[PDB]
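One structure is given below, encoded as structure tokens.
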Amino acid sequence: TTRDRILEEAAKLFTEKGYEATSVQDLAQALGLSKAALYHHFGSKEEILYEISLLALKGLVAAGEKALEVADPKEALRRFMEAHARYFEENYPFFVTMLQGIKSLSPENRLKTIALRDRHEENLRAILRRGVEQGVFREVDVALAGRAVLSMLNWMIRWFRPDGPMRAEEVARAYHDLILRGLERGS
Amino acid sequence: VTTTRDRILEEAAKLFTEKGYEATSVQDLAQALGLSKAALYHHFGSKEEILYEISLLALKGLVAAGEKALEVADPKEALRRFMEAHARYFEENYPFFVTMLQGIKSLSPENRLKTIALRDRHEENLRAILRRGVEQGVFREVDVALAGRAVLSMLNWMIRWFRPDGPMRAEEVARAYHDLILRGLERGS
């Protein structure tokens, strides 16, 4: 019914069948729509791919921006990482799809996708920079620190198992402990 | 020495990086390399075998890179060498890595097997370095699999944002990551 549910179903199908191997015909059948209705309401597989990517990235950006406010930089960083991982898990299929079709978006939509990813990274940098300035974090290359944190969260799409024992959030909480305190002992 | 066999693999790796593995035909490679399709089949038997050998070349070189680190006494220095050797190798053989990452689903089961076994081996060598650090009390008590995954994530994610074009040195980035993961973000001493 709602465009949102359709996008969700499409994302699951793309995740199971693969975006390239999924035909418009497949999408219509799985969604309970005639091909005609799908073309009229969505135009193409690319438009469906774009809206899925948009929901995922906008939801992620919002999930992280909600931690940018936390007073304690250490706590802000932890909430950012945990929110990111939780959102990733709850919307797993949207993230997998988005990875199987970036090169298939129109030019302007690819720019929009990059802008959103840049925004999420900027919010993380703001948290780190604030922590540095108010002496909560050691002076480090913020740009690299953020890339490091994002690498840990984003690379999860390559190994995390949705029906596994651990919740992405718990994984993220351990990554936070690791990145905050480091590996050395003593101090 | 670069023989016809080697040129085919390096050139294929670049073409796959430029066009994508799936969108590149045996016909495409043959013409790009100035050889008949017959010559390609004679040396590799199939397109999949070419992708397989490119992956092996990248993974074997990577695995060797991390074995050097296992020989470093000081766990902290062993971790740094592992990370830098990984990043340096990645950058010098960039096209092979771009080919391997995307092609995974395309390999035959047994090929994917020897390949993943090399990736797992690399992850296991890193874990051994971290575990020794925890055992010798050099590193605090941390989940070894998770710490190893954290490090590999930093190094492998580079395959998506590192620009061979830019001036930044993959190994220097790896050094900054080592400092970060070893000491942490918190201001402490």
Side-chain angles (χ1 to χ4, degrees), chain A residues 18 20-21 73-74 77-78 81 99-100 102-104 114 117-118 121 124 127-129 131-160 166 170-187, chain B residues 19-20 22-23 75-76 79-80 83 101-102 104-106 116 119-120 123 129-131 133-162 168 172-189:
Chain A
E20 278 299 307
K74 295 191 304 177
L77 177 58
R78 183 173 75 78
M81 292 171 70
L99 192 282
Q100 290 181 38
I102 297 177
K103 298 168 180 287
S104 295
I114 292 163
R117 296 202 188 87
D118 284 1
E121 175 157 43
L124 175 58
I127 294 180
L128 293 172
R129 183 192 313 141
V132 166
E133 304 177 317
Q134 66 183 67
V136 189
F137 298 142
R138 180 167 58 96
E139 298 214 312
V140 294
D141 179 319
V142 176
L144 289 183
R147 185 77 49 155
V149 167
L150 287 182
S151 299
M152 285 175 250
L153 302 164
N154 289 352
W155 192 249
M156 276 184 80
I157 302 180
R158 259 93 180 192
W159 64 268
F160 177 71
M166 293 195 283
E170 305 175 311
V171 168
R173 180 160 46 256
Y175 279 161
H176 173 264
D177 168 75
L178 179 54
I179 194 64
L180 176 64
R181 307 177 160 79
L183 293 171
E184 294 187 317
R185 188 171 185 176
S187 284
Chain B
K19 295 193 60 181
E22 284 301 312
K76 295 191 304 171
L79 176 64
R80 184 171 75 73
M83 296 174 72
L101 190 62
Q102 70 177 304
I104 185 64
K105 54 169 169 299
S106 295
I116 300 302
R119 178 206 77 186
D120 282 351
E123 173 154 35
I129 294 177
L130 298 171
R131 173 164 35 258
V134 169
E135 302 178 320
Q136 292 156 278
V138 181
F139 296 148
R140 64 189 177 83
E141 189 73 47
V142 295
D143 182 301
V144 173
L146 179 104
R149 185 70 60 178
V151 179
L152 285 171
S153 296
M154 294 173 265
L155 305 165
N156 295 338
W157 189 235
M158 279 182 76
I159 297 169
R160 283 295 191 59
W161 65 269
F162 184 72
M168 283 66 129
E172 286 295 288
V173 172
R175 185 165 302 184
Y177 281 157
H178 171 266
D179 167 73
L180 180 57
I181 193 66
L182 177 66
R183 306 169 59 179
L185 276 175
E186 70 180 359
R187 189 175 186 176
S189 124

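Just so we're on the same page: letters track the sequence lines, and every chain starts at 1. Below, each value reflects all heavy atoms present in this structure, side chains not excepted, and no hydrogens, waters or symmetry copies.
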Rounded to the nearest 0.5 Å, what separates atom [atom1] in [X] from atom [atom2] in [Y]?
{"X": "A:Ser151", "Y": "B:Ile159", "atom1": "OG", "atom2": "CD1", "result": "11.0 Å"}
{"X": "B:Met168", "Y": "A:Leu144", "atom1": "CE", "atom2": "CG", "result": "8.5 Å"}
{"X": "A:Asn154", "Y": "B:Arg160", "atom1": "CG", "atom2": "CZ", "result": "9.0 Å"}

Original post:
Can you tell which of B:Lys76, B:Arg183, B:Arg140 has the highest number of heavy-atom pairs within less than 4.5 Å of chain A?
Top reply: B:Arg140

**OP:** Output the option from B:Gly188, B:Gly137, B:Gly20 having the highest count of non-hydrogen pairs under 4.5 Å with chain A.
**Re:** B:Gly137

Original post:
So which of A:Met152, A:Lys103, A:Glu184 has the largest heavy-atom pair count under 4.5 angstrom toward chain B?
Top reply: A:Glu184

Original post:
Looking only at heavy atoms, what is the nearest atom pair of B:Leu180 and A:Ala145, with distance?
Top reply: CD2-CA, 3.8 Å

**OP:** With a 4.5 angstrom heavy-atom cut-off, could you sort out which part of A:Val136 is near chain B: side chain, backbone, both or neither?
**Re:** backbone

Original post:
Relative to chain B, which segment of A:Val132 carries a heavy atom at a distance below 4.5 Å: side chain, backbone, both, or neither?
Top reply: neither

Original post:
Got a salt bridge between B:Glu141 and A:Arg185, using NZ or NE/NH1/NH2 to carboxylate O under 4.0 Å?
Top reply: no

**OP:** Test the A:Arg147-B:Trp161 pair against the cation-pi criterion, namely NZ or CZ under 6.0 angstrom from the six-membered ring centroid and within 45° of the ring axis.
**Re:** yes

**OP:** Measure B:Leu155 against the heavy atoms of chain A and call it side chain, backbone, both or neither at under 4.5 Å.
**Re:** neither

**OP:** Examine whether an atom of B:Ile104 lies under 4.5 Å from a heavy atom of chain A, and if so say whether it belongs to the side chain, the backbone or both; otherwise answer neither.
**Re:** neither

